[PDB]
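Colleague: One structure, pasted below without further comment.
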Amino acid sequence: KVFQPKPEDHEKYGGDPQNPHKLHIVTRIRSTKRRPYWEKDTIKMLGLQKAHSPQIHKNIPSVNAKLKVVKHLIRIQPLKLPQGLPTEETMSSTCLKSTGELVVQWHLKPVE
Amino acid sequence: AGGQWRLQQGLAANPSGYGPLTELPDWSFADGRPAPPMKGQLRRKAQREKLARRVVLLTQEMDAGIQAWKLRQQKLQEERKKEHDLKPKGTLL
Amino acid sequence: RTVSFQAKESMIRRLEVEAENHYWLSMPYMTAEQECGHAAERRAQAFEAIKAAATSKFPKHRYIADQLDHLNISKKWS
Amino acid sequence: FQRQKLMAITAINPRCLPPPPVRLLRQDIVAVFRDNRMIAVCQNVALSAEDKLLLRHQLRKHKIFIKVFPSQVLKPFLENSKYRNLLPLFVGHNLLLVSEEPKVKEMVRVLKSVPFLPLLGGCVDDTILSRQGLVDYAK
RNA sequence: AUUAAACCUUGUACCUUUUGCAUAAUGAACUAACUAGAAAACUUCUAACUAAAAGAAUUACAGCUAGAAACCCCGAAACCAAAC
RNA sequence: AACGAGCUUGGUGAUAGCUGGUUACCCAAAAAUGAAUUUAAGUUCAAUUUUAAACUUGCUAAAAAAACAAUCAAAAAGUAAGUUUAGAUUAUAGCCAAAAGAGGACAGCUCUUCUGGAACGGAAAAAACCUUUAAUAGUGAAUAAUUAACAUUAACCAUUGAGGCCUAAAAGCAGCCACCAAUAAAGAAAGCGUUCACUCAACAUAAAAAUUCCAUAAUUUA
RNA sequence: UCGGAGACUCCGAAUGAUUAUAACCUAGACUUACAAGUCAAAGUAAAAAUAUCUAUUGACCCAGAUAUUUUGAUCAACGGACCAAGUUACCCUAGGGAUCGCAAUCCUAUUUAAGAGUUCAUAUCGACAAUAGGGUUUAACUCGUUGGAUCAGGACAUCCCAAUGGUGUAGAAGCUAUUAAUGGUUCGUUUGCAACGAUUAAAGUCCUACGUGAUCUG
Ligand SMILES: [Mg+2]
Ligand SMILES: [Mg+2]
Ligand SMILES: [Mg+2]
Ligand SMILES: [Mg+2]
Ligand SMILES: [Mg+2]
Ligand SMILES: [Mg+2]
Ligand SMILES: [Mg+2]
Ligand SMILES: [Mg+2]
Ligand SMILES: [Mg+2]
Ligand SMILES: [Mg+2]
Ligand SMILES: [Mg+2]
Ligand SMILES: [Mg+2]
Ligand SMILES: [Mg+2]
Ligand SMILES: [Mg+2]
Ligand SMILES: [Mg+2]
Ligand SMILES: [Mg+2]
Numbered sequence: 044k045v046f047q048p049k050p051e052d053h054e055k056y057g058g059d060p061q062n063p064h065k066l067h068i069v070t071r072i073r074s075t076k077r078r079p080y081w082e083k084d085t086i087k088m089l090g091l092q093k094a095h096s097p098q099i100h101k102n103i104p105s106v107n108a109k110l111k112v113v114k115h116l117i118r119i120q121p122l123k124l125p126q127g128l129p130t131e132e133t134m135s136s137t138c139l140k141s142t143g144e145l146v147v148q149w150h151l152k153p154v155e
Numbered sequence: 022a023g024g025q026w027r028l029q030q031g032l033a034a035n036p037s038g039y040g041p042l043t044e045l046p047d048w049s050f051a052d053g054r055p056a057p058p059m060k061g062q063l064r065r066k067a068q069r070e071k072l073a074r075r076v077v078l079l080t081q082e083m084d085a086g087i088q089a090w091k092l093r094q095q096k097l098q099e100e101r102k103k104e105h106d107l108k109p110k111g112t113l114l
Numbered sequence: 025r026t027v028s029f030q031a032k033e034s035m036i037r038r039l040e041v042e043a044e045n046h047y048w049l050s051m052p053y054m055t056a057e058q059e060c061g062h063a064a065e066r067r068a069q070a071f072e073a074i075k076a077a078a079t080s081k082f083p084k085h086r087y088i089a090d091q092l093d094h095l096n097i098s099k100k101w102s
Numbered sequence: 042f043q044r045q046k047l048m049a050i051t059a060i061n062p063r064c065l066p067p068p069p079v080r081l082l083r084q085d086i087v088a089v090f091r092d093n094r095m096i097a098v099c100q101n102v103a104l105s106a107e108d109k110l111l112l113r114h115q116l117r118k119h120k121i122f123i124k125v126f127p128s129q130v131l132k133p134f135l136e137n138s139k140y141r142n143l144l145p146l147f148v211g212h213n214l215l216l217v218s219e220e221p222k223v224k225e226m227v228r229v230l231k232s233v234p235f236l237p238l239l240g241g242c243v244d245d246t247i248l249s250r251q252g253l254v255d256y257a258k
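Protein chains in written order, with PDB author numbering: chain Z, 44 to 155; chain j, 22 to 114; chain o, 25 to 102; chain I, 42 to 51, 59 to 69, 79 to 148, 211 to 258.
And the structure:
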């Protein structure tokens, strides 16, 4: 029941129950120390060794099951692509915002 | 100091994150010749580039997965509807 | 002991972060069936690389030049 | 300690708000007025219960009754009746000297039995009058 | 650290030892000199020749020969022999 | 000049499961459970650990279905380890917190099982609780735990036929049985009064432990 | 030592009876440190397939037996030295240490009161209960620093002095209570501490590792 969303929940987080996002941005916010051995393994299986380092993962049921076990130790933010997926040409100009948007052009200039 | 505010603006909570302050070159030559890229930035670019490639790979795999699922439901759908031979009845078949 | 005010605020914030994590994990992009077999090819290739490393252990080549190079320690000016 | 930490974590007063928004006795007051032609209003002198009875009983021998009613329930009929000037009189403990004959002089004489008790006024022969007028009519 | 030796800030001797803790318990006044890991059956590594290896006797259904590579110190109460 | 059995030399470098000690740097990995033992101050084996080699599936997860929250486990997926062979030890007393049984279908206490820890930061105390992926130079920066807590009562009025009865005779009444009558409203009364014969209830009623305390201080600037 | 049952409390054994008598060989497994102990297809052979329950242990060495097959342990300290008891305050060395449950009656205390009761400075007690205590029956056969002297520090839960309330306080003795730690708080006899005799305004109760043995002593 915890993972069954409510209509008010969608409004607060601004996520549609349909057209779900594909990729999770997962970061480790707390320590694995003092946690049961099984929780330690899941973190290393998911690659969340260094805290405050975002990792890209699939939003699929198998990944979700592991992500739920370490639900309390991480922050999940849906990846967003305002300008679309990066291409070969723009792969070297990518930059991830704190908002969760992977822009394909990084100029370091005023937006104007 | 003031880290939550920087997030609302869309910036990096730490001022030493992604921004012109860090990523831009620290110096140039007097003539204007650009200086060799700073070692820190080269490492930072690789992580984003490596992260970018993972994003592309994962999406392609997920997209192709469901397509195969479509093919399965079709080939199976046509297989179920089938007939052959003949169907007499009564006292002889 | 009395529970501090700042402590209550800190945990409440942590509760909100985890509570949202429930929401983002409630929208699976692919169902169980659609997942099967989608990543089979990549996984098989990864294991093959692991096997190749394990079965490639063997001593290294030895060269006459390396051993004869020790004589260079006695190089001199004529 | 975290266990204790979790436990702690887990508009207009109705005062200032404006507040939302005898019948048997009524007949008794009507009954005395209908039955007794004259009603004399005298202040209740807080006489002893035994002494109060004998005065009522002694008047009962003279076929004269004593009637008393709370003032607040007595205001409505006195406001709209033949007797309307007794409203200021009917404040505090009071008694009524009620009879069937205009024995105004004898009423004072029975009142004179206890000198301390005064007479405030009332009506005699259905005519409302003050004590000063009553004495003149008593003659 | 500092302009400044001391003032200001930080800081529960060492070893052994107890459980992976000591404000314990052992040992040390200090200096100089002296004062405690040693063997090649099996294994690994390196070469010579190779159904053969070894400078006599040994081993062998890829072996055999050679090299290198290993296992401390101090201290009883006592026991026996023979003198004194 | 210390006799439960002299002293000197030799055996003798007696022996000690016991006490003490065991001298340069650097990198790396790394645990007090089961069994037997004149065994419990020891040793040996299993299990664990480790160096190398061989080649291939391993860990988490593991739907249905069994045997009943576990014993088992298939496609998957997240991910890189697991098995076999050769060599080798030390170790075999834990410590504290938090869970669950089980001893008297108890708490505790003694055990047994699972989980976690071993700061330079925080909690008057502070190896064990909470925050903390290794270690490096910088007069950079964002942060975690935490820096205690502001949480209901009143002054008012009180009516006979003396109900008879063993207590002369018992008035609301010493007393015992009846326990009533009128009354706006009264219990043969709550106490009292009375050998019989002041008032509460009613009616009417304004209200309700031992040397010497122990940071200093501070109620409002968003 | 082994095993059965219960969740440590109980039961048994170093097996006996019944057995028209139970072969050999050999895939795969259980159990397990090792050693020991379990089940078994196929093949083959006797005969016309599994002895019957309940459950039952002992190694190596070494001695016995036979015409090639077998037997030897309260080795029960039950992984078993072929065969050895006391005693030490006359002692010694190497070290390690320390220096709650139920029941079964019976007493009691408070609240119950079934009852009786009661009779001019004249009365209650109390069945039965409930609850707090103390015993008893109910489940194997002895015990674990300290007086005194000197000097005292502090606590107050006050023994005396001081200041007061109430009183079933007439006066005089008291009793009950509160506040207060200010100074004081005895000398001996019997002598192992317990009594005792005389006094005092009183002869306080306790803490300070017997308070205090590098101050002394039993
Ligand atoms: Mg010394
Ligand atoms: Mg020695
Ligand atoms: Mg264990
Ligand atoms: Mg022993
Ligand atoms: Mg031993
Ligand atoms: Mg065996
Ligand atoms: Mg067979
Ligand atoms: Mg034995
Ligand atoms: Mg034994
Ligand atoms: Mg055994
Ligand atoms: Mg003696
Ligand atoms: Mg003697
Ligand atoms: Mg003193
Ligand atoms: Mg006091
Ligand atoms: Mg004396
Ligand atoms: Mg001393």
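Heads up, the beta-carbon is just placed ideally off N, CA and C, and yes, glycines get one too.
1. Relative to the C-alpha of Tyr256 (chain I), which residue among I:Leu230, I:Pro221 and I:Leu239 is closest?
2. So what does DSSP say about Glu144 (chain Z), is it helix, strand or coil?
3. Going by C-alpha to C-alpha distance, which of I:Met226, I:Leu143, I:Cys242 and I:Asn101 sits closest to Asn213 (chain I)?
4. I'd like the span of the alpha helix (DSSP H) that includes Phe29 (chain o), first residue to last.
5. Note down the Cα distance separating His67 (chain Z) from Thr26 (chain o), rounded to an integer number of angstroms.
6. Classify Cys99 (chain I) as buried or exposed, calling it buried when 16 or more other Cβ atoms lie within 10 Å of its own Cβ.
7. Within the same chain, show all residues whose beta-carbon is closer than 8 Å to that of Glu136 (chain I), passing over the 5 residues directly before and after it, in chain order.
8. Kindly confirm or deny that the region 47-56 of chain Z and the region 68-83 of chain Z touch, where touching means at least three C-beta pairs closer than 8 Å.
9. Residue 7 (chain Z) bridges to which residues according to DSSP?
10. Can you grab the Cα-Cα spacing for the pair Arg250 (chain I) / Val79 (chain I), in whole Å?
11. Measure how close the beta-carbons of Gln62 (chain j) and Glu82 (chain j) come, nearest whole angstrom, since I'm counting them as under 8 Å.
12. Ends of the beta strand (DSSP E) at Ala49 (chain I)?
13. So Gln45 (chain I) contacts chain o; which residues on that side make the cut at Cβ distance below 8 Å?
14. At a Cβ threshold of 8 Å, is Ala59 (chain I) touching chain o?
15. Is the CB-CB distance between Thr70 (chain Z) and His95 (chain Z) below 8 Å?
16. Compute the beta-carbon to beta-carbon distance between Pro46 (chain j) and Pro55 (chain j), rounded to the nearest angstrom, for a pair I have assumed lies under 8 Å.
17. List the residues of chain Z whose Cβ lies closer than 9 Å to the Cβ of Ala68 (chain o), in chain order.
18. Hey, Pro121 (chain Z) and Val147 (chain Z): beta-carbon distance below 8 Å or not?
19. Go to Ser128 (chain I), then tell me how far its alpha helix (DSSP H) extends in each direction, as first and last residue.
20. Pick helix, strand or coil for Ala77 (chain o), following the three-state DSSP scheme.
21. Considering only their Cβ atoms, is the gap separating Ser141 (chain Z) from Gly31 (chain j) smaller than 8 Å?
22. How close, in whole Å, do the beta carbons of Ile117 (chain Z) and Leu91 (chain Z) come, if the pair is a contact with beta carbons under 8 Å?
23. Could you check which residue in Z:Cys138, Z:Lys111, Z:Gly143 and Z:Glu82 has the C-alpha nearest to that of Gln29 (chain j)?
24. Do we get a CB-CB distance below 8 Å when we pair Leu110 (chain Z) with the residues of chain j?
25. Interface residues of chain o around residue 199 (chain j) at Cβ under 9 Å?
26. Does any residue of chain j bring its CB to less than 8 Å from the CB of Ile86 (chain Z)?
27. What separation, rounded to the nearest whole angstrom, lies between the Cα atoms of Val227 (chain I) and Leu111 (chain I)?
28. Would you identify the three-state DSSP class for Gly38 (chain j), choosing helix, strand or coil?
29. Would a C-beta distance cut-off of 8 Å place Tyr53 (chain o) and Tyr56 (chain Z) closer than the cut-off?
30. Against chain j, with Cβ distances strictly below 8 Å, would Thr70 (chain Z) count as a contact?
31. Between which two residues does the beta strand (DSSP E) holding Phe46 (chain Z) run?
32. When DSSP labels each residue in this structure, what does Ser218 (chain I) get in the three-state scheme?
33. In whole angstroms, what separates the C-alpha of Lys132 (chain I) from that of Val87 (chain I)?
34. Kindly give me the distance between the Cβ atoms of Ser105 (chain Z) and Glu59 (chain o), rounded to whole angstroms, as I take these residues to be in contact under 8 Å.
Modeller: Taking the geometry as given:
1. I:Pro221
2. strand
3. I:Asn101
4. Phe29 to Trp48
5. 39 Å
6. buried
7. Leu144
8. no
9. The question about residue 7 (chain Z) has no answer here: the residues shown for chain Z are numbered 44 through 155.
10. 30 Å
11. At roughly 31 Å, the Cβ-Cβ gap does not stay under 8 Å, so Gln62 (chain j) and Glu82 (chain j) are not in contact.
12. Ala49 (chain I) -> not in any beta strand (DSSP E); alpha helix (DSSP H) instead, spanning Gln43 to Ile50.
13. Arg25 and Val27
14. no
15. yes
16. 7 Å
17. Those within 9 Å of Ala68 (chain o) in chain Z number zero; the least Cβ separation is about 17 Å.
18. no
19. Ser128 to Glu136
20. helix
21. yes
22. 6 Å
23. Z:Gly143
24. no
25. Given that chain j is displayed from residue 22 to residue 114, the structure contains no residue 199 (chain j) and the question cannot be resolved.
26. no
27. 17 Å
28. coil
29. no
30. no
31. Note, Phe46 (chain Z): premise wrong, no beta strand (DSSP E); not H, not E.
32. strand
33. 12 Å
34. 6 Å
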